[PDB]
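Colleague: sequence-free structure coming up:
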Ligand code: HEM
Ligand code: HEM
Ligand SMILES: Cc1cc(N)nc(CCc2cc(C#N)cc(CCc3cc(C)cc(N)n3)c2)c1
Ligand SMILES: Cc1cc(N)nc(CCc2cc(C#N)cc(CCc3cc(C)cc(N)n3)c2)c1
Ligand SMILES: C[C@H](O)[C@H](O)[C@H]1CNc2nc(N)[nH]c(=O)c2N1
Ligand SMILES: C[C@H](O)[C@H](O)[C@H]1CNc2nc(N)[nH]c(=O)c2N1
Ligand SMILES: [Cl-]
Ligand SMILES: [Cl-]
């Protein structure tokens, strides 16, 4: 059954991919080769063209992503050749450097060897390549609560954080054959961060907020034509609300709205004053201002929604069905100010795609 | 088939209703009577207790309503006795008066005779009993665009609006046997309105905004135990975002965000300034302030979400399944500041319930 699933996924992908690339005549010969290869080895190897276009198709098919207009300009780095933990580490360092691009962020994915028999070759423990640690001991909360379990796992392995609110977690991953993951501290010269200030309110800097420049998701599996690339970190640039309305505002994250209310000079006492709403707007204005001033790529939710409208239009013009998850596509502030709010979306799963997977810790 | 559907819906409703009322022993005798009544007449008549509890159950089951904590205190007015258009008109006037209650709004439903053979006895044309007219002629837009088609239908019938931005539409309804609906102007003494001012920004009154006090939905069908009450207007009090983030802000409604930005002294030129978001917050603060100052009932979205949390808790304690539509329950500003955003809801339809229906015009 294993191999039949593979063959069926392969047929569908190759036909679709080659059609999009204007290579439809080469499909039969390619499929023949693949069938024989599956016959002998139990799997098949993507050409560099297939792998690159597959990762792009996967982004295009990601229902929860508002940023998909730019799917075709994804920078795909093929690292299926890595075999050592130093090579993995260096590939991850390289991804950070080339994606960051001195602040002019390049959407990039680095693809490591795929699962073989469901056997991972490389298992990345980080949720993002750059993320802050979190601690909760004896009532006392420090850093990003979303990182508490991973932070504890790292500290079991001999890492120790300084216990600021913004400790960078080390890269941590396990190779096939190793019982334990290895970890490596991130070189600070590779990691751009942005201090959060407000365009008009000088006191905003008293909050001493900052965030990292580049979100590099490293716990999803890329599936292309039945091949499962469990290790394939990818990044875009942030939409400002991710930082200002979720990471810094959620009560189960940095929980900063009361502090923001205080520095902008409004009371945080009455629901009817809409102080949370006002604080959200100023925090989100500060985030966009701060990234722009530093020269680090970022998009606001209005511009992002306008770009997504164009993606919708482009899909229709290309004769491709559009899929989407309305609940994730609406921004978490002013959603009804976007066209997305007033439309519906088919949340069907189309492959290639990116899929969430279990974390070894918990 | 008609009658079998009726009987099946009846059995389910009576058993559930009588169980909730502690009358479970009376179910068999009541069902016997109902079966005979369906046998002879083709339908059955609800007791006043059944009708009242049915309308309450219908509110409790309304997946899209955040206000359901208060389902059991619905004021149910039984007007199944009306036969004339003057009696309907007077019942609607009465609903407005008693629901308004000098500003201390009472959630109320008035129930008119049900459909017989799918034959309506009373057909209300209004979407809400109180709503503003809308006009679009030769490029020129006045009033509420959502009311354009109904406004045009009224004017076909000899009504004429003054063409302010806030003309009250007449009550308009048709009786069984009449080709044309009749209309009646609303007595202004019955209709509370609130001028919109801002707590801190004096210039806000230059926008000359106002809204009506009580939303009285009059185009949904109440279905209880297989009986279809197509005419059964009901009201609550507003959640402020309905007025400030939808009615006054939507581009296809009053479209006031650019004007709000101007009076609060911010530019409306750059998406990254989040001027729409800032304008939304101030407009919504003004709405809540203005209703509160006048002594007209209103709820903010934070308090509303907290009440809904209690409804969720109450359902669990009662052993009742909770149903909900996440896409309507999240407020249209700061949705992620509410617990609703972070939970999921089963959007199954449970009866009794309220259902949308076709409007005779278009
Ligand atoms: C170029 C700039 C990009 C922007 C502004 C953007 C924007 C976003 C946003 C706002 C989300 C939702 C996160 C949330 O609301 O909690 C998201 C989700 C997602 N994006 Fe994008 N994105 C970008 C690039 C990419 C790229 C390059 C890929 C992959 C090649 C990608 C794949 C996804 C996926 C898979 C999700 C869902 C993640 C999950 O389920 O946890 N995006 N994106
Ligand atoms: C007591 C105060 C009430 C509040 C604050 C409230 C709040 C709301 C809100 C905000 C909506 C969504 C409208 C939108 O977002 O576009 C809604 C929908 C709804 N409410 Fe309530 N509600 C209340 C009372 C009632 C009552 C008394 C009933 C019926 C007996 C009711 C039945 C419904 C129904 C059926 C809908 C869906 C309407 C549709 O599909 O168009 N609500 N409610
Ligand atoms: C349990 C579970 C299931 C599932 N499917 N997804 C998740 C994580 C959702 C998510 C959270 C964060 C955060 N913080 C960032 C993200 C990444 C958002 C993103 C991704 C990219 C590539 C760019 C960009 N601007 N933003 C996603 C958890
Ligand atoms: C095509 C279509 C289908 C469908 N199911 N519903 C609709 C109308 C949705 C709606 C719009 C408005 C408005 N304006 C007010 C409402 C009423 C909201 C409400 C109702 C009540 C009783 C109280 C309260 N505070 N708010 C609903 C259109
Ligand atoms: C159907 C379409 O998604 C539309 O925007 C829905 C979304 N959610 C909503 N939620 C509420 N509360 N009210 C609405 O009118 C809508 N409209
Ligand atoms: C699952 C639950 O409804 C949760 O709040 C979802 C809602 N929509 C979302 N939308 C985005 N963009 N990001 C998220 O993390 C979530 N979480
Ligand atoms: Cl993030
Ligand atoms: Cl309304």
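Modeller: In hand now; what should we look at? Residues are numbered from 1 along each chain as shown, chains lettered A, B, ... in the order given. Ligands and ions are numbered 1, 2, ... in the order given.

Colleague: Which residue ranges of the stretch 101-250 of chain A form helices?
Modeller: Per DSSP state H, counting those that start in this stretch, the stretch 101-250 of chain A carries helices over the ranges A:148-156, A:240-241.

Colleague: Out of those, indicate the one that is most buried.
Modeller: Ranked by mean neighbour count, the helices of the stretch 101-250 of chain A are led by helix A:240-241 with a mean of 28 (mean count of other CB atoms under 10 Å in any protein chain shown). C-betas here are computed from N, CA, C, even on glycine.

Colleague: same for that helix, what does it pack against?
Modeller: In terms of contacts (3 or more CB pairs under 8 Å, 6 or more residues apart in numbering or on different chains; DSSP states H and E), helix A:240-241 is packed against helix A:275-294.

Colleague: between the helix it packs on and helix B:275-294, how big is the angle?
Modeller: 160 degrees (axes from the mean of the first three to the mean of the last three CA atoms, to 10 degrees).

Colleague: quick one: is helix A:275-294 near ligand 1?
Modeller: No - on the criterion CB under 6 Å from any ligand atom, helix A:275-294 is out of touch with ligand 1, staying 11.9 Å away.

Colleague: Can you name the next helix or strand after that helix?
Modeller: strand A:298-299 (DSSP states H and E).

Colleague: Please determine whether that next one lies in contact with ligand 1.
Modeller: Yes - applying CB under 6 Å from any ligand atom, one finds strand A:298-299 in contact with ligand 1 at residue A:299.

Colleague: Quick check: what element follows that strand along the chain?
Modeller: helix A:301-318.

Colleague: on that earlier part again, out of the helices of the stretch 101-250 of chain A, the one nearest ligand 5 is which?
Modeller: helix A:240-241 (18.2 Å; CB to the nearest ligand atom).

Colleague: Return the residues of chain A in contact with chain B.
Modeller: Those residues of chain A that sit near chain B, judged by CB under 8 Å from any CB of the partner chain, are A:245-246, A:249-250, A:257, A:271-274, A:276-278, A:280-281, A:284-285, A:288-289, A:292, A:300, A:302-303, A:306, A:326-327, A:330, A:332-337, A:341.

Colleague: Output those of these also counted as contacts of ligand 5.
Modeller: residue A:341.

Colleague: Drop anything exposed from the residues of chain A next to chain B.
Modeller: For the residues of chain A next to chain B, a burial check counting by 16 or more other CB atoms under 10 Å in any protein chain shown picks out A:245, A:249-250, A:257, A:271-274, A:276-278, A:280-281, A:284-285, A:288-289, A:292, A:300, A:302-303, A:326, A:330, A:332-337, A:341.

Colleague: can you count the residues close to residue A:268?
Modeller: For residue A:268, the neighbour count with other CB atoms under 10 Å in any protein chain shown is 15.

Colleague: repeat for residue A:114
Modeller: 25.

Colleague: likewise the one 4 residues further on?
Modeller: Neighbourhood size, residue A:118 [other CB under 10 Å]: 8.

Colleague: how close does it sit to residue A:176?
Modeller: 12 Å (CB to CB, to the nearest Å).

Colleague: Ok, residue A:15 next?
Modeller: 32 Å.

Colleague: When those two are compared, which one has more neighbours?
Modeller: When neighbours are counted by other CB under 10 Å, residue A:15 and residue A:176 differ, and residue A:15 comes out ahead with 16 against 13.

Colleague: Could you list the domains of chain A?
Modeller: Using curated CATH domains, the domain ranges for chain A come out as A:1-80+A:107-117+A:221-235+A:305-329, A:81-106+A:121-192+A:356-360, A:193-215+A:238-303.

Colleague: could you dump those to CSV with distance to residue B:84?
Modeller: Conversion of the domains of chain A to CSV gives the following (distance: least, CB to CB, whole Å):
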stretch, distance to residue B:84
domain A:1-80+A:107-117+A:221-235+A:305-329, 47
domain A:81-106+A:121-192+A:356-360, 63
domain A:193-215+A:238-303, 44
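
Colleague: Return the most buried member of those.
Modeller: domain A:193-215+A:238-303 (a mean of 20).

Colleague: Now the stretch 251-362 of chain A against ligand 2: closest residue?
Modeller: residue A:336 (9.2 Å).

Colleague: what about the residue nearest to that residue when sequence neighbours are not counted, helix or strand, and which?
Modeller: Closest residue to residue A:336 apart from its sequence neighbours, by CB to CB, 6 or more residues apart in numbering or on different chains: residue B:332 at 3.8 Å. Counting by DSSP H and E, there is no helix or strand that carries residue B:332.

Colleague: how far away is residue A:44 from ligand 6?
Modeller: 35 Å (CB to the nearest ligand atom, to the nearest Å).
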